[PDB]
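Chains as they are written, first to last, in the deposited numbering: chain A, 1 to 73; chain B, 358 to 446; chain C, 11 to 110; chain D, 2 to 379; chain E, 180 to 222, 229 to 268; chain F, 5 to 59.
I have placed the structure first, in the form of structure tokens, so that the comments after it can refer back to it.
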Amino acid sequence: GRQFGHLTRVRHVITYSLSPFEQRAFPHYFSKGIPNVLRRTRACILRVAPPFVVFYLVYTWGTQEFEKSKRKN
Amino acid sequence: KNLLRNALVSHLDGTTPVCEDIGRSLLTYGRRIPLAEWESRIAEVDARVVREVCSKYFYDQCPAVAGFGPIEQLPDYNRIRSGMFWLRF
Amino acid sequence: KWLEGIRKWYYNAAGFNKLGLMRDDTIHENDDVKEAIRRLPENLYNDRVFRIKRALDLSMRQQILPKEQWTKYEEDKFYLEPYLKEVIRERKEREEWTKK
Amino acid sequence: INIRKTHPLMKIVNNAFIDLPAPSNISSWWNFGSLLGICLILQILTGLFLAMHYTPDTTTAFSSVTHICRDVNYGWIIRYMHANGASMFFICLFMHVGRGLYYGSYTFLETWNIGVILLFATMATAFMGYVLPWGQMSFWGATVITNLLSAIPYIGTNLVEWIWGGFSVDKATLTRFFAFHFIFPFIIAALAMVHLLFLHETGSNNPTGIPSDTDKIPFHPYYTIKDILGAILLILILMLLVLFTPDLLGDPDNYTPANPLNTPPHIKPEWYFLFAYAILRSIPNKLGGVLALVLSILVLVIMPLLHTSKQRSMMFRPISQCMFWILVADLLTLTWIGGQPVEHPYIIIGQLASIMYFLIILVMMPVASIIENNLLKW
Amino acid sequence: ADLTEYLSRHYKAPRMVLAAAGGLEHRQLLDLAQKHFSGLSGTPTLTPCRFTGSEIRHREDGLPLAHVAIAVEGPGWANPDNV
Amino acid sequence: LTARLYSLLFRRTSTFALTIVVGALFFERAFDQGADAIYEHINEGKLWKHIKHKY
Ligand code: HEM
Ligand code: HEM
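This is the structure we're talking about:
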């Protein structure tokens, strides 16, 4: 929370960083980005979507039952 | 220029730095430069050449930074870059 | 018993064996857990901060490790639990001494 | 040594915007702090121009607003910026709250409580501003919510004839709501500074919930250009909303003048307050309805007192993850049910959605948490 | 065998200087070189190099001092810019 | 193509400020030309300029 210097304690850890003018802007943005987005999609839709298909069923069923209540008359 | 003259002449004195100079001056250059020619190339240097060559080499390049030890407060590389050049800051 | 099968499937699908973390790299830190982290040997503590820094790196790039380096459930070297139990026992003993 | 590290202003700017240690992991969901800040100053500026062209009286308010949107140069785009900026302000506010609830950042106490007070303040401010155009929906919204304040016995009726400025929605009500809408965002800015102060005391979070004390990167110039990117995305969404379909979110029923005699059939809030109105009309009891609404936002106060898990985030707890997405779909269901009329299937599933909201929060989070605490041998 | 190959590759014809400073005689030094370095019998490298520019840090928090070097690319041997 | 551009307009800072001002003015001119061109190209016919030309 404070400034740098007195936060943690690390022993021997080596970090390499390349220059930004040295390397490309988008490293393989259409050969790894598509498998990464399909992987992150496949690892989340089974936990996100089965409530939303229930919401879609509730919306359609409520529309159909309101039309059921009003389309006899 | 005074510090360069004093350091160079006080270094090339004795026997061992002299002979080191002979070795590294015949390998790298092809000839050992006598110090009168170094005096000539010092006399060919004013403030204009210094600031133009330093604007050619120091200013706006990509450094090699190498750190060892407790270096958490060492900046990330883009802070070294934003401190390298001037917008007159 | 099949509840161990639930635990193995859960440790597979829980998402913290993906990033190369073991069981006690994800513990939430109140005062007790901060004390139990400070009570560690040096080699385990350095291995711990290294695995944590790799996890933050891999979640920064949002890339998850290859198949040959996932942490496996059979070799679950959970280590932080004895020190954390000792912290909880001494804390509850101090609380009971204050209550009576 | 340096200008920045000695000067009394630039130490504040240094501990805010330049050398603040921020974690190297935060995703796009940690942009909505800066997006709420930029939306707040954009609301203040465009509203200040609207307040330069506005005459707050019940005779001439609607006439003056029509004068803005016809006769003053660019008053139509400044008014549309103000209204749809309120809409995008509450989009980014609920995404900010959803982040702070999902990733276990409610283990912070004082930042969370000052957050909830900011939520109260922004909701009251946006309601008073929605009263200000003096249309039919604004008139009846003011009337019904002031009688909701009159619902409470022994305090209510005197308090409501006190803030009515009379005995109904008279001139004084429009002028009172002009003044309080025209002062409250400065208090929101001050409490936002207090919010940000307690944050910079503690330290931020990350998508893993592991404390990131090893890998802090400075705020400038990584997250500054990340927030510029977020701001450009927000301004293009806001501006496409105000330049192509400005009526796609706003009410059609506003644009009639305030006749206190008609009471249109489809009375409703502006769309951000639908679930507050859906908890209300799905309980057939007056005090029960207003108390259940206040208990909803006080349940958001309660939420730090039920963190009985032992991870921090919900990234690593899939059961609580699925229950949180059930909670999100249930709140969107409440918004949809509030934005409808009131009949028999709507009555039933409005009651069921409110019940399932309270059951998910107050019961299902600790039951999922104790199955988590049991299941990983802790 | 690798060491013998190293010794038998690098040390031959142009790339060695017999340097002699101090109170000696140039004739004698040339004559002694002519005597002893006979039979040495010497008879394909130096590409330009890439100055990448990067940052390496070796964090070790158990030490009392921080050591930081930083370099940009210098001109080389054959420039007045070196002076 | 790029080397002359960096050698001229990106070493110093004042030249960079001068070229972003001059580029913003040239972009103003050409962009308003293109904008009115496209907008009165997809609404050819029912626009007030041609109806003024009737009169
Ligand atoms: C008035 C509207 C609000 C504004 C302008 C606001 C502003 C901010 C800002 C600028 C930050 C720091 C950046 C960030 O972490 O995203 C922040 C953090 C936070 N706010 Fe708010 N906030 C508001 C409302 C709320 C509300 C209603 C809550 C919920 C009670 C809340 C809870 C939090 C939390 C938990 C954090 C820390 C998040 C983290 O470190 O990851 N805020 N807020
Ligand atoms: C202190 C800063 C603010 C000023 C000076 C201000 C000023 C005004 C003025 C003059 C109006 C009447 C014009 C109109 O109705 O279109 C108005 C309306 C409104 N304001 Fe504000 N406002 C401010 C802050 C906010 C904030 C923070 C919000 C919420 C995000 C907000 C939401 C609204 C809404 C929803 C309306 C009704 C818009 C409509 O229906 O056309 N205002 N404001």
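Built from N, CA and C at the ideal position, the CB exists for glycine as well.
Name the chain B residues that come within less than 7 Å of residue i, Cβ to Cβ?
i	result
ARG33(F)	The premise fails here: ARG33(F) is roughly 27 Å from chain B at the closest Cβ pair, so nothing lies under 7 Å.
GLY5(A)	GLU429, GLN430
residue 79(A)	Not covered by the structure: residue 79(A). The range shown for chain A is 1 to 73.
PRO24(D)	None at all; the shortest Cβ gap to chain B is about 13 Å.
What residues in its chain sit with their C-beta under 7 Å from that of residue i, if we drop five residues either side in the sequence?
i	result
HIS97(D)	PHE33, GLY34, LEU37
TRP135(D)	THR59, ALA62, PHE63, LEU175, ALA259
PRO24(D)	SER205, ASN207, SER213, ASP216, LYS217
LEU208(E)	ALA199
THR158(D)	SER151
What residues of chain D sit near residue i, judged by a beta carbon separation below 8 Å?
i	result
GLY25(C)	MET316, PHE317, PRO319
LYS95(C)	Ordered by position in chain D, no residue passes the 8 Å Cβ test against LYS95(C), which lies about 10 Å from the chain.
Could you tell me the boundaries of the beta strand (DSSP E) in which residue i lies?
i	result
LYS217(D)	217-219
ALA23(D)	22-24
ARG436(B)	Not the beta strand (DSSP E): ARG436(B) falls in the alpha helix (DSSP H), residues 434-441.
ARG242(E)	239-244
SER29(D)	Looking at the DSSP string, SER29(D) is not in any beta strand (DSSP E), and its letter there is neither H nor E.
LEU18(A)	13-18
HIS252(E)	252-256
The alpha helix (DSSP H) that contains residue i, what's its start and end?
i	result
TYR10(F)	7-13
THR112(D)	111-132
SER69(C)	52-71
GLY86(D)	76-103
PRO92(C)	91-109
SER397(B)	392-400
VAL53(A)	45-70
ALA232(D)	224-244
Report the option in the options whose CA atom is closest to the CA atom of residue i.
i	options	result
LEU307(D)	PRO258(D), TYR107(D), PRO57(D)	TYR107(D)
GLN23(A)	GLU204(E), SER239(E), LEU203(E), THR230(E)	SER239(E)
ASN114(D)	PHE325(D), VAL300(D), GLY351(D)	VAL300(D)
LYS77(C)	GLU14(C), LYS18(C), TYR21(C), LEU29(C)	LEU29(C)
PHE187(D)	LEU49(D), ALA279(D), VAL302(D), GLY101(D)	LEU49(D)
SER17(A)	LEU219(E), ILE241(E), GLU258(E), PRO193(E)	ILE241(E)
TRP30(D)	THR47(D), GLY231(D), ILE338(D)	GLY231(D)
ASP57(C)	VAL10(A), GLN3(A), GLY1(A)	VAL10(A)
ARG101(C)	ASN40(C), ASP86(C), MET70(C)	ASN40(C)
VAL291(D)	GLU111(D), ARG5(D), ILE146(D)	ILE146(D)
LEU235(D)	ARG80(D), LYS378(D), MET315(D), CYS93(D)	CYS93(D)
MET53(D)	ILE268(D), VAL66(D), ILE27(D)	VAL66(D)
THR237(E)	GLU401(B), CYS411(B), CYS419(B)	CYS419(B)
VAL302(D)	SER169(D), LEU119(D), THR47(D), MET82(D)	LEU119(D)
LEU41(D)	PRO346(D), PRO261(D), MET194(D)	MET194(D)
Strictly below 9 Å CB to CB, what residues from chain C border residue i?
i	result
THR8(A)	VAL59
Spatial neighbours of residue i within its chain, please: C-beta separation below 6 Å, excluding the five flanking residues on both sides.
i	result
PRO285(D)	none
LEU102(D)	none
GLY251(D)	none
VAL53(A)	none
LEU43(D)	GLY86
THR23(F)	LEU13
Listing by chain order, which chain A residues have their CB less than 9 Å from the CB of residue i?
i	result
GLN72(C)	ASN36, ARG40
Could you pull out every residue in the same chain whose Cβ sits closer than 8 Å to the Cβ of residue i, ignoring the five residues on either side in sequence?
i	result
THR232(E)	none
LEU328(D)	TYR358, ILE361, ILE362
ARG389(B)	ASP378, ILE379, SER382, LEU383
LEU392(B)	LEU365, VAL366, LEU369
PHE18(D)	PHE220, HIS221, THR225
If the cut is a Cβ gap below 7 Å, which residues of chain A does residue i touch?
i	result
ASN56(C)	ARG11
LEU239(D)	Correct list: empty, because the minimum Cβ distance to chain A is about 26 Å.
Given that residue i touches chain D, what residues does it touch there, using C-beta distances under 7 Å?
i	result
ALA65(C)	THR209, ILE211
residue 99(A)	No information on residue 99(A) is available, as it lies outside the stretch 1 to 73 that chain A covers here.
Given that residue i touches chain B, what residues does it touch there, using C-beta distances under 9 Å?
i	result
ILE218(D)	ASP433
List the residues of chain F whose Cβ lies closer than 9 Å to the Cβ of residue i, in chain order.
i	result
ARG381(B)	The premise fails here: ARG381(B) is roughly 35 Å from chain F at the closest Cβ pair, so nothing lies under 9 Å.
What residues of chain A sit near residue i, judged by a beta carbon separation below 8 Å?
i	result
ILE241(E)	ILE14, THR15, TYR16, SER17
Would you mind telling me which residues of chain C sit closer than 7 Å to residue i, beta carbon to beta carbon, in chain order?
i	result
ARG313(D)	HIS38
Ordered list of alpha helix (DSSP H) runs contained in the stretch 311-354 of chain D, each at least 4 residues: 319-339
Note down, one range per segment and in chain order, each beta strand (DSSP E) of at least 3 residues found wholly within the stretch 133-177 of chain D. none
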